[PDB]
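Each of two forms of one protein chain follows alone as structure tokens, named structure 1 and structure 2.
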Structure 1
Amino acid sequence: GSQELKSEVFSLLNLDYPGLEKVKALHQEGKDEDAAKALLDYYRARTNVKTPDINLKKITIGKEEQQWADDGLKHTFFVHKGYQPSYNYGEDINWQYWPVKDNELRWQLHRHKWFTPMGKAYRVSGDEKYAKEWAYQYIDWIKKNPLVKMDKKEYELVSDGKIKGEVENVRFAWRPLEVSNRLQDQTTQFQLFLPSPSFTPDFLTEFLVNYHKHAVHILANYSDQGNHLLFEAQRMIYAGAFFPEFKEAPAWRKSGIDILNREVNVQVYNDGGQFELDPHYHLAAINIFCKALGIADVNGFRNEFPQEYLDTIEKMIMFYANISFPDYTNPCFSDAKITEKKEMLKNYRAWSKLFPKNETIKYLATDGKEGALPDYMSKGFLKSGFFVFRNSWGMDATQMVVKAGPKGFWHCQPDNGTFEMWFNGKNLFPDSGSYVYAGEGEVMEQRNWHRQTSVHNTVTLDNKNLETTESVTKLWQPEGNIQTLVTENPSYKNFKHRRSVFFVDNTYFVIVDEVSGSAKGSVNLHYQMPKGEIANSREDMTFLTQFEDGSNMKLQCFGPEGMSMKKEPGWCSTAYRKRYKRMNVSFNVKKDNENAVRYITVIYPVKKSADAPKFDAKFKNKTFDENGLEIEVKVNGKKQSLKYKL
């Protein structure tokens, strides 16, 4: 009962918009209150606008949100999981209540994390108490947290009371992060509370004036890049698409679009991969861009996005699908945890709705029933630095994903050349994982330990982390019987590590690791074994799988004279704070001169371990050559020569 008729709303509206003819007529007659009521009728009869954040047909609420709404009725407001139980902000709500001088505690109060739970409780229970108290608290927040603009010369000439508590409050109640969050969440609040008798026409005027204020404030205080900027632009598309009746709604959309389309070209390589080289942030970026494309798509603003934006998103999805395993799992490179098949099924459902004409993602969403598969098998991503060998897409495939690209950031680990192998149902070479964030600290030694190069499947010098992560793709052959990847990295000073990976007969792999340069030290070819019972053999340098028949493997390393094996303890992390022990084997060679140190490791996946072949392998050239390589292996006696020219 505190809301007013904010007549200025009619200057914010495009009254020539289809459906507001009665609003325009009544406004031109001076009957602004009847025009407000007519506007409410318009929104209550409008059906061509929606959001993917909520489905009014099936509105549910959990016990957590239920407690948040019921507490919110008592003016007990949930703001922060670190501040439990939630504070009570008084009957006369003091939005400046600050018992612990923590700016997060005060910032996150203006999130209104309990507003939408009150809407959900209102719809599921039908109890008007939630709507009455929500409308009251909404008007209350408007009247107690104004958006004022003053400078030092103006601020010094202030009264002597709540004027400077409000000016000081602007930095807490109107930080662009919470302003954008409210821009998105208040569309949900709008859908939830609109049919209520508390949603009066003049409350609608207050609502639209306040929302417009948020939009124009974000438009003048865009963030300093980071995902804060992506979310701000996305939510400006939310504001422009859910309330297209505003005169500035197109400008709010274009802006957001113009920002997002500008940043996808900054952080996504042309081959599809996102520039963090982390599967988790690739997926998260896909969802951030797809959420904006989504709320613009359902309301008929899909074509306001440039075509290159759509095709870039498509390339990102195809990237994640290519680096993923047939069980929909992702490799644990960088700081990525494992995503299982259910969540990815949901993702492919949404993106499949956004890209209907794309047959491959239509297949991955349908889980096989409908759609089609790509016309290729092994796929290369030479700009991102990810290379996928595969002989199948189904649950019987042999797949290897090799990570060897340019420098990343503080999420990319020094693991250039490492890989993950997935065979017939199980990942046989899992990454060491991330285990903990950053995140300091306890927890710090574990972080730096998992970030080590010596805990991956690559080459180290003195078991030290790589001084340079700048892989160069020398060769990529994805088709035919002999598929091969040649990549090299200047890992240390006077240290050129070249790795060649050969997918042979769509069955087995041969990894040739040639280290050249003037650097002298202990060269360590590391391999991170899976967890379980594994047959050691230090005399012939062999490891043979003793697992349940389904995913077995036999690996043998052929090195120079004097090569030694070291079975060290190591770890594998699949989930946050979750981890298990496995064996970290290192094939070490003392490089005391300038001659190259060369290895030929054969990896043969097999169902029954007793069927694992014995092998032979030898180099053909005298030493390391820059422009070519010839080796020869033997499978149970049958010869097979590998060679290429650069």
Structure 2
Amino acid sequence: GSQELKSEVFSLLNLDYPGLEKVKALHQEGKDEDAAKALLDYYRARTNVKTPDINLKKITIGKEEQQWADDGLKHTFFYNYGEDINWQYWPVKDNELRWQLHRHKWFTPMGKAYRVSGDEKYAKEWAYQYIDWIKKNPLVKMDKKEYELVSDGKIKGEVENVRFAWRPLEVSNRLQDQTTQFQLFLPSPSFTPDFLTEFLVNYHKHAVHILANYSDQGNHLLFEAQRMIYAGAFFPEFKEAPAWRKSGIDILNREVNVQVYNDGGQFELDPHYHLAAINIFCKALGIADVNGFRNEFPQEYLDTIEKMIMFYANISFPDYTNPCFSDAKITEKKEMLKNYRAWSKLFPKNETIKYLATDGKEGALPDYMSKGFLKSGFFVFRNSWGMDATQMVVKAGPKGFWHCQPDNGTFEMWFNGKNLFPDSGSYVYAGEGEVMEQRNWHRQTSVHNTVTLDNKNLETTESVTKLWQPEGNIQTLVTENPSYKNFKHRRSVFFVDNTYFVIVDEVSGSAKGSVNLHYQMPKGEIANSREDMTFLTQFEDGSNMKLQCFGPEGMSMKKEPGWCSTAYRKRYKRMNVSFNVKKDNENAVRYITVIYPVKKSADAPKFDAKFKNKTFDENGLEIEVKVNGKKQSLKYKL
């Protein structure tokens, strides 16, 4: 091949590393060819270095992955880039295509294809393309005053190429992925000693480049730091490897303290972005942990990640799905089981992560049921952790950012296997034009389970928790949001007898207009009575509910088409119901809503509800509800 003995590799290595004794001896004598041979011997016999990305005892290849691998064999890269590979090949002006090419997305497919098929064509070809990329993509620099005077050509093109081949985004991707390529191809005779020295010199150059080019902020900085830990954990024989690990750890530790509330919730208030953050922080912890470097992480980092996991476990439903608040789609059970299995290896003394990883075969659930997160603004009522549970998750928190929607007070509710109050969801993640109109539709306050004034989006999103009482046969949340100028919305949620919910909405202030109490119904056949202000699902036996709203004289009800989305660019029709009251003076507007889950619709009880205090009380509430004629008082003092 075109690989050559890069004897400068030996100066990059800690030649006192255990197992490198013959490398060190040969290098000291100037026998660098024999030293390179001994170095390959060392890596082939190594031993205490693995990655979570691959199990060399369980290598598989997918159908598209075999397809990318076979294309790679013919220089088609996941276009045909020629026999003499044109790494700058531009058929049309496409910067995105040029950057994507330098991710080498087909190298690892060829590795897997090499191991599963067992024939050297994949390893031969990859060695060639690996070296050829090194040769045709040098990392160079030029003065800007000279760059402007140079004309187009090989020297100018090489300098401009650096913007594409060595952008930190792609460089850090290769830092991680090449640990997979290394493990897959190392047994091959094409993986010669000279090639090894080329691989390590190139790899080291990538790590040094990232250290010099860390992003200022964002998820990109997290991935750079995580992959610097990859570099230093997978090649701890580099002199600089402990420094690379420490660099990445310090960054991740600092950023998790900026991003995560003390109760464990990530500050975007978005379950999907919360889970993505867990996984960045755990992938870093995992590569270190499996290679003996767990102790390099500060204890506060371990504790914070464990709190993020417990936060996610709490706001999830017993079927492992998450509420679709903010921009969150549903992450399904198969993916979450894989997540809990990985997390349980990282926190093996956490008995709840173990329970969730094993679906209850081992481990233990927490010694609590309902649970509140007072900094993040998420509140969970539950009568069980299992598939028979009744569970509500209420979102009523501080201001968020891009993903968070104006939905303070909204909730999802899940009963005995089915989500009966799903969020309208995200639907459109990003776009322009008509799709942007649909993204904003789903962000409206009026397409959530909360209160609006004239159906307007909340002007302020900054909930205050007045009371949180998670224990007993009456559990209570009281939250208040100054939703509009001269308008305060106090929502009281009672979870009664571990069975049903009573939601009291009280709007105070001098603001006038139409007060709208919105509920977004589940999909399917739902019976309603305008006379009684009742809604009763007509679903298959197992998970049903009855909702009834009790309001002042003259309350009206309106049903409009609405939408629910659990996956991006997919949505289904369901009813958007509002209970509307004309607020034409300074008196408060007050509602009581009963929500009662039942397995069979025919068993849904009759309700009544009344305020005992006929005037709004800034410092308390007392109501009386009836269930099949049986009285229950619900009250609190603030």
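Rigid core (definition): largest C-alpha set, two forms, superposition within 1.5 Å. By convention here, residues take numbers in order along the sequence of structure 1, the first being 1.
- Once you line up the core between the two structures, the CA of 155 is the only one from 222, 107, 476, 155 that shifts by 2 Å or more.
- Once both forms are fitted on their core, the CA shift for residue 44 between the two structures remains under 2 Å.
- The two forms, fitted on the rigid core, differ between the two structures by 2 Å or more at the CA of residue 610.
- Once you line up the core between the two structures, the Cα of residue 18 stays within less than 2 Å of where it was.
- On a core-based overlay, residue 439 has a Cα shift of 2.2 Å between the two structures.
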